[PDB]
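# Residue-level structural notes
Next come the chains, spelled out residue by residue.
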Protein chains: 2
Amino acid sequence: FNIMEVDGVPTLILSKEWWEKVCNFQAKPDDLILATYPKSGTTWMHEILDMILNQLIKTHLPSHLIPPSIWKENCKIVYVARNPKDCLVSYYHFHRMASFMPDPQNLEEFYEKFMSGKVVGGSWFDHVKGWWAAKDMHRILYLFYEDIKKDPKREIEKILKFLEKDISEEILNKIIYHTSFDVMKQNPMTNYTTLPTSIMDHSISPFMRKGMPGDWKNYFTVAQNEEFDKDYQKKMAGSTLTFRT
Amino acid sequence: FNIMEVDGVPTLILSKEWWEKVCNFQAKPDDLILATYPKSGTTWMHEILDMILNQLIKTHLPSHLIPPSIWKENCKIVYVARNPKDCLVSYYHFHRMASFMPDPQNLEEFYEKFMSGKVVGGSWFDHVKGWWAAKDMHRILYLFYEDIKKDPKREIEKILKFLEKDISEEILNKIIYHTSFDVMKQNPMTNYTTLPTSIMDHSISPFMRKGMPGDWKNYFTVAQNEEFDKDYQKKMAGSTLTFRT
Ligand SMILES: Nc1ncnc2c1ncn2[C@@H]1O[C@H](COP(=O)(O)O)[C@@H](OP(=O)(O)O)[C@H]1O
Ligand SMILES: Nc1ncnc2c1ncn2[C@@H]1O[C@H](COP(=O)(O)O)[C@@H](OP(=O)(O)O)[C@H]1O
């Protein structure tokens with residue numbers, strides 16, 4: 001059914017049990033929360049932050065489960081959304097490689113489940129929409145996986161403004177260079193290669209898979225797609241939320 | 001390489017050898033030529049004519065190989081085109097069942113070949129374009145597989161006008177009913193079931209496969225498709241030729 005991915009080393013926590021543990025989490029103002037739907041840019045965005053700095057709390061929770069401490073102590077929250085199609089496809093190939101995960105079966109089979117939101121991490125729909133609703137009320141930066149690919153400088157530009165932090169021009173690119181998909185894929189300290197293949201086999205699918213927006217186009221039949229649109233446009237009626245693909 | 005499909009019982013004739021044999025074919029005016037690219041509505045259109053009447057010459061030849069006799073004797077030529085995507089998909093699943101045919105291999109592999117026109121029956125592109133250029137110079141009725149599905153009455157309406165022939169309203173629908181895909185599929189006299197499975201196995205793919213326009217959408221990845229369009233738009237620059245899909 002429905003749990004959530006966590007990381008002492010990647011594993012499944014029952015959302016509730018996990019929420020009970022975090023329920024009354026206390027937050028120092030300097031703390032920096034980073035939230036994302038799974039396979040929506042996390043490991044990437046993280047290393048972008050970790051770069052900018054060198055306390056970062058990584059959380060795949062929906063907005064309505066963030067410990068109030070954070071709201072109260074107006075913590076800086078970076079949030080990253082990624083278009084659903086790509087997020088779906090990335091998340092699919094993931095189930096198809098991570099042993100921790102349930103069997104994805106067919107790609108048509110997975111879809112039905114994904115749109116129903118009946119997959120590890122809740123509904124991507126409910127997830128992204130909550131956060132967007134929150135960007136109105138909180139110290140949240142809302143970023144889009146695609147816009148980063150589009151303009152890494154133009155994006156990190158923003159992050160800095162948000163953090164009051166101010167880097168070099170060389171130190172700047174030093175970051176951009178590393179947080180390119182090419183460099184990061186060949187990087188054992190992020191690429192999750194240095195892992196049990198019983199846990200994650202890259203010979204099936206590598207965590208750092210393709211990392212191109214628009215890749216979904218390589219898997220979604222013109223039918224499955226025109227299906228995805230109709231179902232999407234429904235769940236997103238009213239939303240001011242908008243994606244490049 | 002490149003031959004053509006014929007029918008004492010369906011078989012491969014080397015296009016040239018076959019054209020040499022037909023080169024100086026003599027044509028009585030009353031004769032009715034029906035031409036089509038393969039898997040573009042032939043067996044359907046045939047039975048429509050056979051119906052309307054009960055001499056019909058069935059030919060899968062390109063316009064520039066029709067024996068001049070026919071031109072000279074201004075014969076009535078019904079021509080049927082079917083949109084390429086569908087035509088491709090239909091023709092693909094066909095190779096994948098008809099033993100007479102070469103191996104289609106992958107569906108991506110087949111595509112390359114189809115667009116290159118390097119498949120049994122020549123280039124669908126060169127085929128339909130020639131016939132369209134001819135509709136300007138000859139007693140040719142140019143029909144579209146899709147328009148038929150769209151409005152069989154509204155289509156057969158035309159055929160009659162073209163033939164001067166004039167049927168009943170009941171005799172009319174009697175025809176429409178039979179030349180529906182549903183009726184025809186369960187019909188041994190057209191459905192090619194009554195055949196050697198060494199020649200054609202329906203347990204793989206039935207000649208009367210789906211018979212819905214828009215079916216291709218069930219096979220062509222949003223990439224393969226956006227690929228097909230770009231390549232198509234090229235070969236069809238200038239053409240006034242146009243398809244529903
Ligand atoms: N530096 C980078 N630039 C672009 N995409 C990256 C990246 N690092 C990781 N990704 C992509 O992030 C996705 C996993 O997201 P998360 O970090 O949220 O689990 C993968 O998508 P693909 O599966 O499309 O390749 C991966 O390729
Ligand atoms: N009465 C009918 N109405 C619609 N389509 C028909 C039909 N009879 C045959 N077809 C379709 O004609 C195609 C074969 O064409 P041809 O007669 O030129 O070989 C098949 O397409 P599919 O493979 O898309 O099902 C078949 O389904």
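Residues numbered from 1 in each chain as written, not as in the entry; some residues may be left out. Chains lettered and ligands numbered in written order. Heavy atoms only, no water. Residues with missing side-chain atoms left out of burial classes, pairs and counts.

### Some points on the overall build of chain A
The helix and strand tally for chain A stands at 11 helices and 6 strands. Computed over its C-alpha atoms, the radius of gyration of chain A comes to 18 Å, within 12% of the 18 Å expected for a compact globule of 245 residues. Oriented by its inertia axes, the alpha-carbon framework of chain A measures out at about 45 × 35 × 35 Å. (Helix = DSSP H or I, 4+ residues; strand = E, 2+ residues; numbered from the N terminus. Rg over C-alpha atoms; globule rule 2.2 N^0.38 Å.)

### With respect to the interface of chain A and chain B
On the side of chain B, 8 residues touch chain A, which itself brings 8 residues to the contact. Classifying every residue of the side of chain A that touches chain B by side-chain character gives 4 nonpolar, 3 polar and 1 charged. (Contact = heavy atoms within 4.5 Å. Nonpolar A, V, L, I, M, F, W, Y, C, P; charged D, E, K, R; others polar.)

### Details of the relation of the copies chain A and chain B
Rotating chain A by 180° about the axis while translating it 0.3 Å along that axis superimposes it on chain B, leaving an RMSD of 0.1 Å. Here the transformation between the copies is reduced to the relation of a two-fold axis. Ranked by how close their C-alpha atoms come to the rotation axis, the residues of chain A are headed by A:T221, at 2.2 Å. The share of interface residues of chain A whose copies in chain B are also at the interface is 100%, consistent with both copies meeting through the same surface. (Least-squares fit on C-alpha atoms.)

### Side note on the pattern of salt bridges
Note that A:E155 is salt-bridged to A:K158, the shortest N-O span being 3.3 Å. On the criterion of helical spacing, the pair formed by A:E155 and A:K158 is a turn pair, its members being 3 residues apart in helix α8 (residues 152-163). (Salt bridge = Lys/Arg side-chain N within 4 Å of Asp/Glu carboxyl O.)

### Comments concerning the packing of helix α4 (residues 84-95) of chain B against helix α5 (residues 107-116) of chain B
Residues and elements named next belong to chain B. Contact pair α4 / α5: the axes reach a minimum separation of 11 Å and the direction vectors enclose 120°. The pairing of α4 with α5 is recorded here as oblique in orientation. Taken as a pair, α4 and α5 cross one another with a handedness that is right-handed. In contact with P84, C87, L88, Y91, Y92 and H95 of α4, α5 contributes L107, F110, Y111 and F114. (Axes fitted to C-alpha atoms, helices over the stretch in contact; angles between N-to-C directions. Parallel < 35°, antiparallel > 145°, perpendicular 65-115°, else oblique. Left-handed = near helix turned anticlockwise from the far one by under 90°.)

### Details of the sheet that holds strand β6 (residues 140-144) of chain B
Residues and elements named next belong to chain B. The strand order β4-β3-β5-β6 describes an open sheet built from 4 strands, whose pairing is parallel. Of all the strands in the sheet, just β4 (56-59) and β6 have a single pairing partner and so form its edges. Along the sheet, successive strands turn relative to each other by an average axial angle of 20°, direction set aside. Sheet analysis places strand β3 (residues 32-36) next to strand β5 (residues 76-81), joined by 5 bridges and oriented parallel. By the bridge assignment, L34 is partnered in β5 with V78. Across the face of the sheet, helix α6 (residues 124-134) comes into contact with β3, β5 and β6 while running at roughly 135° to β6. Packing of helix α8 (residues 152-163) onto the sheet brings it into contact with β3, β5 and β6, and relative to β6 it is tilted by some 175°. (Pairing = 2+ DSSP bridges.)

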